[PDB]
Amino acid sequence: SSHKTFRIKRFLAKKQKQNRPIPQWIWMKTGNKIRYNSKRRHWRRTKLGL
Amino acid sequence: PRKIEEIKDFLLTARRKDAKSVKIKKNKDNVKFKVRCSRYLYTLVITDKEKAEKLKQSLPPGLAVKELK
Amino acid sequence: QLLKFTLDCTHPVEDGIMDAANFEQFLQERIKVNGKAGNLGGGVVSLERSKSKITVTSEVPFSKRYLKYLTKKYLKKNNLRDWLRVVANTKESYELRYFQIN
Amino acid sequence: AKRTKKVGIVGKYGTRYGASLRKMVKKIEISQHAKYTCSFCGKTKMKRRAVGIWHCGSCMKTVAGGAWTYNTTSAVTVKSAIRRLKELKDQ
RNA sequence: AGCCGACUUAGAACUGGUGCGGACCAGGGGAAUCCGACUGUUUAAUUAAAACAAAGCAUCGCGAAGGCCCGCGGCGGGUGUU
RNA sequence: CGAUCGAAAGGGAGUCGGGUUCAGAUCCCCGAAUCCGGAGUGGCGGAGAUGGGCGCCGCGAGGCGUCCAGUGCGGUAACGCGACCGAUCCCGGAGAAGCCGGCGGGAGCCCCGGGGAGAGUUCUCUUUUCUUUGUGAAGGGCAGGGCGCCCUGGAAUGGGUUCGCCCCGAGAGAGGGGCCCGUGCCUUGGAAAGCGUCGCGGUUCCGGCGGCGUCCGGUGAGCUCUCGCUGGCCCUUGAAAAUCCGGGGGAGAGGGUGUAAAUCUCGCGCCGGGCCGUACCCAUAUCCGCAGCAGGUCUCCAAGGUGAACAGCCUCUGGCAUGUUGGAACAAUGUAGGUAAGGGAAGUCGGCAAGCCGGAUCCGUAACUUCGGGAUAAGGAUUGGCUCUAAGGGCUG
Ligand SMILES: [Mg+2]
Ligand SMILES: [Mg+2]
Ligand SMILES: [Mg+2]
Ligand SMILES: [Mg+2]
Ligand SMILES: [Mg+2]
Ligand SMILES: [Mg+2]
Ligand SMILES: [Mg+2]
Ligand SMILES: [Mg+2]
Ligand SMILES: [Mg+2]
Ligand SMILES: [Mg+2]
Ligand SMILES: [Mg+2]
Ligand SMILES: [Mg+2]
Ligand SMILES: [Mg+2]
Ligand SMILES: [Mg+2]
Ligand SMILES: [Mg+2]
Ligand SMILES: [Mg+2]
Ligand SMILES: [Mg+2]
Ligand SMILES: [Mg+2]
Ligand SMILES: [Mg+2]
Ligand SMILES: [Mg+2]
Ligand SMILES: [Zn+2]
């Protein structure tokens with residue numbers, strides 16, 4: 001809703017910031033196993049709880 | 001907004017300390033004198049083209065005049 | 001209170017695509033007064049024709065846009081509807097200009 | 001003209017609830033909605049407001065009365081008995 | 001006497017290849033039997049009923065340290081602001 | 001009278017107009033306001049309040065000195081005027097009230113007759129058809145609406161009066177006033193802005209500059225909203241508190257006749273208003289049903305015609321692309337629609353399904369009954385178009 005509270009909006013802010021892909025330079029590292037971001041979330045598919 | 005019926009009270013409202021500006025609107029069958037004070041925009045309505053011109057010289061010199069168009 | 005209106009079609013006359021005379025006899029046969037079109041409704045509507053300027057006067061209530069309607073009827077009669085355009089420069093007057101493409 | 005022959009107030013109930021029940025409730029529904037005379041101002045503007053409450057339109061006087069009538073015969077006799085006992089006690 | 005305006009109702013004449021609530025909108029009816037008075041409600045996803053409820057009628061308990069009931073327990077609680 | 005919590009639909013002071021973005025606006029910009037809180041010196045003005053007597057003087061106009069008064073004033077009244085001291089205490093009001101019916105007023109929308117401006121048709125006709133044609137909050141004035149407000153006067157041959165009601169010697173009619181709401185009109189705002197139309201600029205990056213116009217009327221059992229009056233219903237009587245105000249009391253305070261005092265809900269002047277939410281969807285694709293699922297999910301606005309109608313059908317503003325695809329064929333059997341000679345339920349467990357009837361006007365209407373009904377009982381007749389006639393009203397003298 002548009003009638004958010006501060007803690008809910010801050011939680012949504014963090015979950016917005018975690019929803020970006022991995023930077024390109026991390027898999028040029030030596031001890032690297034990550035191919036992509038597997039913890040990604042789409043707004044239509046996964047409904048974040050709440 | 002406030003309307004001043006007489007000419008004599010208009011001079012006191014223009015000579016107030018809080019009079020920011022005075023502006024003259026020249027339309028048909030009417031001359032309008034508007035003093036922007038702190039709270040109200042005081043308007044003097046003159047339907048005499050001779051008295052409008054003499055009052056225009058009779059404004060106080062410390063007040064800022066903006067002849068509108 | 002006399003009502004006087006002017007219709008100045010200077011531009012189509014100087015271009016030669018239309019002549020003001022054939023417009024003026026079309027007016028003098030085609031203005032209706034009190035439901036009667038022929039014979040000018042008596043001597044109440046007078047029409048003078050200057051050089052590409054037709055002046056009309058009337059002491060009965062005469063609508064100005066009736067002249068616009070009759071002029072657009074004349075342009076449709078002589079296929080000038082897609083070329084000329086009847087506008088009002090000042091009031092009690094009408095102008096024949098062109099469409100402003102290119 | 002005369003609209004109904006034997007039903008009065010209870011003609012609003014139509015063809016329901018039983019003839020004897022309608023005949024019972026007819027007396028209550030007449031006396032409940034009738035306007036009584038006022039004992040204080042004399043005007044006939046003593047109208048029921050709720051059960052036990054009768055309000056006068058002119059005098060603005062409201063009286064605790066009966067449920068369907070302004071006065072009950074079970075209380076008029078009590079009023080008489082209390083005034084005779086009041087005279088008896090003081091002699 | 002003059003000047004103004006709003007929708008209706010009734011009647012008459014004429015008229016169409018008897019068609020005219022021209023589309024749309026829009027009750028089939030009657031004589032009876034059984035049950036439930038009726039209005040209402042009900043098995044969400046097989047049963048809407050004659051089942052339930054209902055007003056009316058009739059019994060039963062109780063005058064408050066009481067009747068009925070709740071609660072592991074309290075000078076506990078509901079009916080009871082009775 | 002119980003800490004405290006408990007409503008983004010209850011209560012709850014106070015913001016509106018124009019413009020602006022690729023995406024935000026009662027929040028940004030401009031212009032107009034407004035509410036609350038604050039103040040020693042209280043910033044100013046006004047009110048409190050500057051009056052009378054005596055004795056002199058001055059011709060008088062008036063001037064000094066004493067003795068006092070002065071916490072305002074007007075109206076018969078309803079009450080009014082810009083203020084107009086007062087505490088602990090007490091009383092009262094507002095917040096603060098259901099559902100339904102009828103009527104009246106005011107807006108908005110629709111409707112009709114004209115003037116403009118711009119468009120559409122013009123094969124023939126059409127002074128024709130379409131679009132548009134205005135003013136915020138706050139203040140002041142005036143209409144209009146309401147009054148269970150006041151004064152005179154005393155009424156039956158009873159009157160006044162509504163749609164209905166209802167009112168009156170506890171004072172009707174008839175005259176004269178008073179109050180409340182005034183969302184309507186005018187004015188300040190405010191034409192400077194907005195809109196329509198025409199034309200010039202900036203070669204453009206422009207709240208660019210100009211010329212005109214934004215007008216006059218009439219109507220309505222119209223629809224919606226709102227205000228008000230009156231009535232009906234209840235064995236149903238339809239919230240509380242925060243907060244605010246008025247009154248009754250008169251403990252007190254202030255000054256001795258003035259650079260008057262205490263005090264002020266009057267007019268201005270000064271400062272401030274912190275924290276959180278604000279984008280978008282809101283539903284045959286942004287929510288819940290495993291999904292862009294024919295399901296479900298609370299509200300506001302509500303044009304023209306036909307018509308009783310927020311019914312159905314067509315259209316305007318606005319919107320969309322036929323609902324997770326297209327092309328070509330037109331076989332059966334399907335699904336969804338129809339139509340059928342003659343017969344008319346012979347079909348079937350069973351008139352299942354389908355069909356008949358249907359609106360309105362005119363008559364007409366049984367058995368039975370709890371007298372209310374049954375009842376649109378049943379039964380028939382009429383219905384188009386066009387041209388007329390008659391009847392049903394206000395305004396002015
Ligand atoms: Mg979902
Ligand atoms: Mg039998
Ligand atoms: Mg039943
Ligand atoms: Mg079931
Ligand atoms: Mg079923
Ligand atoms: Mg709270
Ligand atoms: Mg709230
Ligand atoms: Mg009277
Ligand atoms: Mg302008
Ligand atoms: Mg007092
Ligand atoms: Mg928004
Ligand atoms: Mg879809
Ligand atoms: Mg399709
Ligand atoms: Mg398609
Ligand atoms: Mg057949
Ligand atoms: Mg047949
Ligand atoms: Mg058979
Ligand atoms: Mg058989
Ligand atoms: Mg059937
Ligand atoms: Mg029957
Ligand atoms: Zn009384």
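Numbering starts at 1 and runs along the chain as displayed.
Any Cβ shown, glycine's included, is placed from N, Cα and C.
Feature annotations, reproduced from Swiss-Prot:
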type	residues	note
CROSSLNK	B:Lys3	SUMO2 cross-link
CROSSLNK	B:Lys8	SUMO2 cross-link
MOD_RES	B:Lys8	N6-acetyllysine
MOD_RES	B:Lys66	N6-acetyllysine
Euclidean distance between Cα atoms of B:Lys66 (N6-acetyllysine) and B:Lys3 (SUMO2 cross-link), Å: 19
Three-class DSSP secondary structure - B:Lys8 (SUMO2 cross-link): helix
Cβ packing number for B:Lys8 (SUMO2 cross-link), 10 Å threshold: 8
Spatial separation of B:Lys66 (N6-acetyllysine) from B:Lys8 (SUMO2 cross-link) - C-alpha basis, Å: 21
In the chain carrying B:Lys66 (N6-acetyllysine), residues 6 or more apart in sequence that have Cβ under 8 angstroms from it: B:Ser21, B:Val22, B:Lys23, B:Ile24
Local Cβ density at B:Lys3 (SUMO2 cross-link) - other Cβ atoms counted within 10 Å: 9
